[PDB]
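Peer 1: model the following, please.
(chains A and B, ligands or ions: 2)
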Amino acid sequence: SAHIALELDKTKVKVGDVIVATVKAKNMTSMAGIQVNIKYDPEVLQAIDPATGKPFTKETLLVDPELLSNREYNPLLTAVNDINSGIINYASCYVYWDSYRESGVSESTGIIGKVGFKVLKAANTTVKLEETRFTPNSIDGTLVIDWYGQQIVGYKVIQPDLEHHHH
Amino acid sequence: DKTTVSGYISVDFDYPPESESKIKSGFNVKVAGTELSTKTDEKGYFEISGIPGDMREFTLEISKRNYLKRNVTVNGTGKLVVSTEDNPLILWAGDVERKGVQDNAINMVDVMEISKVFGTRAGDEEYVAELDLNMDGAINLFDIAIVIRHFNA
Ligand SMILES: [Ca+2]
Ligand SMILES: [Ca+2]
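Peer 2: Residues are numbered from 1 along each chain as shown, chains lettered A, B, ... in the order given. Ligands and ions are numbered 1, 2, ... in the order given. Now the structure:
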């Protein structure tokens, strides 16, 4: 029924290619916050802004968030990426849950955010939503809270295709 | 004849079962206007004896680092039980100690202090061990959610 998905726009690549990764939510009823962890091989892929090419560093947020962006509910966005371990670690959370609940309307389906990946090396690799040191006791490195601050569980996590070198 | 007061203290958020003993222990409980105090054990249990028998009305001051402090009034004499293991007195995490000092309010100030230490771990310059509120080995969305849950004093 519900899921968090990681999508790649391209999976068969040559060196110099830029892969766009998109994190999406589906049927995530009452969601007021989310944390996602994207694990990649930093030797093979470089995390970049998919429009400017600027490399991600520790504080860099996922680009173009759709869900959890209502100004009236006081969105709190943060990232503590570990670029050397190849981890993107992003969290976004509303602070005014009472205003959000009163609306009755759930940010259940839409884009969490995006990150690009520049291909550095001609090698088969994987980009996955995956538990890291940032996210113990998680759902495949995803943490979701509802508008009462309780963990949302029971959803699936959808992984993109493994990445292959164009030979 | 002296008065003894006992009870249980707990929390309202989820945590890993292995942290239970650390989460439930170390709540300070003090009889206001006296030096009669104690700390809760691994089950959240506390007991204080030797309260003057003539002291028929007293206040229990309950506190812990990063928790909203709580005053509970007690009326009675003898063996008194203020709460039970099934219906414990709840303290709210999220009144963050800032340079040694809490302000008795759960606020955006508290939220930002957690946000400051998001993603930090032992050995990091900024890491604060007791801001891992649910004691799961990470400071992340769940620790922020605990503060917002309690988002006022
Ligand atoms: Ca405070
Ligand atoms: Ca934690």
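Peer 1: tell me which residues touch the most centrally placed residue in chain B, please.
Peer 2: In chain B, the C-alpha nearest the mean C-alpha coordinate belongs to residue B:64, at 4.1 Å (C-alpha atoms, centre = their mean). With contact taken as C-beta atoms under 8 Å, 6 or more residues apart in numbering or on different chains, residue B:64 is in contact with B:26, B:27, B:28, B:91. The way it works is simple: take the backbone N, C-alpha and C, and place the C-beta from them, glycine included.
Peer 1: who's in contact with the first one?
Peer 2: What that stands for is residue B:26. B:39, B:40, B:64.
Peer 1: what's the answer for the last one, then?
Peer 2: Applying C-beta under 8 Å, 6+ apart, one finds that residue B:91 lies in contact with B:9, B:10, B:11, B:27, B:62, B:63, B:64, B:67, B:68, B:69, B:70.
Peer 1: pull up the residues of chain B that are close to ligand 1.
Peer 2: Residues of chain B lying close to ligand 1 (C-beta under 5 Å from the ion) are B:95, B:103, B:105, B:110.
Peer 1: from those residues, which two are the most distant?
Peer 2: B:103 and B:110 (8.7 Å; C-beta to C-beta).
Peer 1: shared neighbours of the two, anything?
Peer 2: Joint contacts of residue B:103 and residue B:110 (C-beta under 8 Å, 6+ apart) are residue B:95.
Peer 1: tell me which of those two has more neighbours.
Peer 2: residue B:110 (28 against 13; other C-beta atoms under 10 Å in any protein chain shown).
Peer 1: circling back to that earlier point, among the contacts of residue B:91, the buried ones, what's the ChimeraX command?
Peer 2: Buried residues among those (16 or more other C-beta atoms under 10 Å in any protein chain shown), as a ChimeraX selection:
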select /B:9,10,11,27,62,63,64,67,68,70
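Peer 1: residue contacts, the residue lying closest to residue B:113 once chain neighbours are set aside?
Peer 2: Excluding its sequence neighbours, the residue lying closest to residue B:113 (C-beta to C-beta, 6 or more residues apart in numbering or on different chains) is residue B:96, at 4.3 Å. Neighbouring residues of residue B:96 by C-beta under 8 Å, 6+ apart: B:66, B:102, B:109, B:110, B:113, B:114, B:131, B:147.
Peer 1: what ranges does the chain have for its strands?
Peer 2: Going with chain A. A:3-8, A:12-13, A:18-26, A:31-39, A:45-48, A:75-79, A:87-94, A:110-119, A:128-129, A:142-146, A:156-158, A:164-165 (DSSP state E).
Peer 1: chain B is the one I meant
Peer 2: B:3-10, B:28-31, B:37-39, B:45-51, B:57-63, B:70-75, B:79-81, B:89-90.
Peer 1: mind putting the ones you listed into TSV with distance to ligand 2?
Peer 2: TSV is the format used below for the strands of chain B (distance: least, C-beta to the ion, whole Å):
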stretch	distance to ligand 2
strand B:3-10	18
strand B:28-31	22
strand B:37-39	23
strand B:45-51	25
strand B:57-63	21
strand B:70-75	22
strand B:79-81	32
strand B:89-90	19
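Peer 1: residue A:12 pairs with what?
Peer 2: Taking DSSP bridges as the rule, residue A:12 bridges to residue A:164.
Peer 1: mind checking how far it is from chain B?
Peer 2: 33 Å (C-beta to the nearest C-beta, to the nearest Å).
Peer 1: many thanks, we can stop here.
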